[PDB]
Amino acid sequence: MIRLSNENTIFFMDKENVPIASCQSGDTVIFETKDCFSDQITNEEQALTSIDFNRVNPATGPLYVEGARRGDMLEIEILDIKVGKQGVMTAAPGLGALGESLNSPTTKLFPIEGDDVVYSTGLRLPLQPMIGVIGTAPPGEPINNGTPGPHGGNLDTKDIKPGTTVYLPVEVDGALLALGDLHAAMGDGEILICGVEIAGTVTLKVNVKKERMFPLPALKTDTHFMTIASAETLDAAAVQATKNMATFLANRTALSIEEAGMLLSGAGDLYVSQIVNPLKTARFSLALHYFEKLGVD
């Protein structure tokens, strides 16, 4: 019902951004988004370097969630993501995990045809819509949308998709939730620099939780719970994400930290979100089955 337009967009997660809309806890809110190029790239002979880089990574927002105060967390249920008709990718030498291996700058447009993302005649990828950039305002200095952090931001986590609940911190009153950078498809790592970048519309439900039960950001799918951390190195983000899960498990259950460690090492999985942003992002994942067996919800 409450609908946030793609003209109402920000480039930094900033506590001083004026809210574009407000909602109550439990309200459903629709966010319309531009692609991460602010829809500047519309043909395949248009180079990445041709656009205004001041307008990359627009996030729709911020939303003021009434009842949210410093120390709370948002529980955000992703009910649906609808994408547009065509996505974009850019390959640029010197960018991304293959930067030194790429030879020429390439722009590719991807028709969305049903639930297929058309790479070429013979290659069609599954339509797997996700949110790349989702976040609340940090309490101190503004952080550009292109950088991830404890507040969220540029997480590029493929599990931030329909049916997932995302958990973010409330560090300023009202939270100031903003999102953008939808993808039609993207693998773990986002190794080129980008997913199939695309505009769309996200429907979410936003709940205010008055107790912050675990380290943030975090998310829950139909089957698994995941702690997320970002750092300068993948080495450091992986360790932090893992420690986030173990200390949570230890704190909230009859398990000792050593027992929690054994559980994670035997039954949990460390995953890579993206290795290409100014901070790298990893998530540690444990089946909800185990949390229920340890009496945790």
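Numbering starts at 1 and runs along the sequence shown.
The PDB entry reports B-factors from which the mean C-alpha value can be compared for 47-55 and 236-244; the larger average falls on 47-55.
On average the C-alpha atoms of 208-216 have higher B-factors than those of the other stretch, with 131-139 and 208-216 being the two compared. Based on the entry's C-alpha B-factors, the most elevated value among 164, 157, 223, 107 belongs to 107.
The PDB entry assigns its highest CA temperature factor, among 255, 36, 270, 264, to 36. Sorting the modelled residues of the chain by their CA temperature factor places residue 22 in the middle third. Among the modelled residues of its chain, residue 116 has a C-alpha B-factor that falls in the middle third, as given in the PDB entry. Among the modelled residues of the chain, residue 231 sits in the middle third by CA temperature factor in this PDB entry.
In the deposited entry, the Cα temperature factor of residue 13 sits in the top third of values across the chain's modelled residues. In the deposited entry, the Cα temperature factor of residue 183 sits in the bottom third of values across the chain's modelled residues.
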